[PDB]
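Below sits a lone chain in structure tokens, taken as the form deposited in one PDB entry.
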């Protein structure tokens, strides 16, 4: 039940990013909800079946913390996928520009430049956890949860996607095991690195790594290490250090996501419930 969009109704503004399989542009869309900003993904190239499967999946996935999908454009070439426009771009970039050095990075006119506070970091964390609760409820395995795969809209609205253009400007976040198989090893637990076992339990481990990215203002996990050294540390069971901005109670949540046995990891629903309770308790303080 994929919604179709006339090519005449899409006005491309500029190219945001490019990957091996697609191109993402900022665009204007007419008669969707007159003149609306949207983000358009163009299919570069089998590929048409993957595009069809994705469009169907994105029409079915509907949640306030999953990237909004408006439809496709199958009239002519390239094939297009229309997504919502999220002003603040990807969450990794957003965290890096609203960190301890935000004042140095800020434009002269930027509103109240400075590092995000605890309340804001907990609201970002709780929103990503809510999206992961929804996917787990559908028995859907993301396999590449990371802040680079989240978008931030005006009003600190956070939504999860799966971009693969992430595999271009964030090519350093992937390890090539062979051919075209790019693994986000720094976000993966030992069973995924060793045997490519991806489940809702390997996604909860990645959510723990997302919490660490959030509380370090977007640092790359294991940044001190090469890909082979990070693989060795993870399989040996080394844990990421508690971030300076991370309260001990948030680090206890990360540790719950990082239990060695996948079945011993806390469920994403309990992780979200705990994050939502900490965000509520801090609201007025």
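Numbering follows the first chain given and starts at 1. Take the two forms, find the largest set of C-alpha atoms that superpose within 1.5 Å, and that set is the rigid core.
The protein also exists as the form deposited in another entry; that form is not presented, and the subsequent description refers to it.
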query	finding
Large Cα shift (2 Å or above) at residue 117 between the shown form and the other one, core-fitted	no
Rigid core superposition, residue 163 Cα moves 2 angstroms or more between the shown form and the other one	yes
Core-superposed comparison between the shown form and the other one, residue 17 Cα displacement 2 Å or beyond	yes
Pairwise C-alpha change, residue 110 versus residue 117, in the other entry against this form - closer or farther, 3 angstroms or more	closer
Sense of CA distance change between residue 163 and residue 234 in the other entry, threshold 3 Å	farther
